[PDB]
Each structure stands twice: as C-alpha cells, then as structure tokens.
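Next up: just one chain, as structure tokens, the form deposited in one PDB entry.
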C-alpha cells in the first residue's frame, strides 16, 4: 500500500505520537509499539503529512498491518 506506514513486527500500540494533519519528517516517531520486550518508536519513512491514523491505543497489530497513512 503506497503512502502507508505498516507494522514491521507484531506488537501492541502504546501511544500515537502524531495527529491527523501533522507534518512529519523521515525518521520522526509516529507511534510506539510494545514488542520484543521493549517500547519501539515506529518512524516515518519519508517527509509528508499525516492523512489517517489507522490504529488505536491497546490494539494488537501484526506484521504489515497498516498503522499510518501519509498524504
């Protein structure tokens, strides 16, 4: 899915760091997944604007699951 940031591993959503409409830059933390016994910031792969937030706190996600859509 183009413009979609997806989960790199299974985990639990701890918090979302951005809001719809936010400008983001490559490497910027978009949300935090608990996995591999740690808290992991999931980065933006590119500069952009946050278009949609596709998960909520507490949600269990799988590898490749859409997390954030960029505009």
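Positions refer to the first chain, counted from 1.
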Completion exercise
With B-factors read from the PDB entry, the higher C-alpha mean of 56 to 64 and 16 to 24 is in 56 to 64
Fill in the blank from the handout: Assert third(CA B-factor, residue 31) within chain per record equals lowest
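Heads up, the form deposited with a partner chain bound isn't pictured, but that's what we're talking about next.
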Handout entry: Whether 19, 22 and 47 all lie within 4.5 angstroms of the partner chain in the entry with it bound by heavy atom
Key = no
Handout entry: Heavy atom of residue 62 within 4.5 Å of the partner chain in the entry with it bound
Key = no
Practice task
Indicate whether residue 54 is a 4.5 Å heavy atom neighbour of the partner chain in the entry with it bound.
Solution key: no
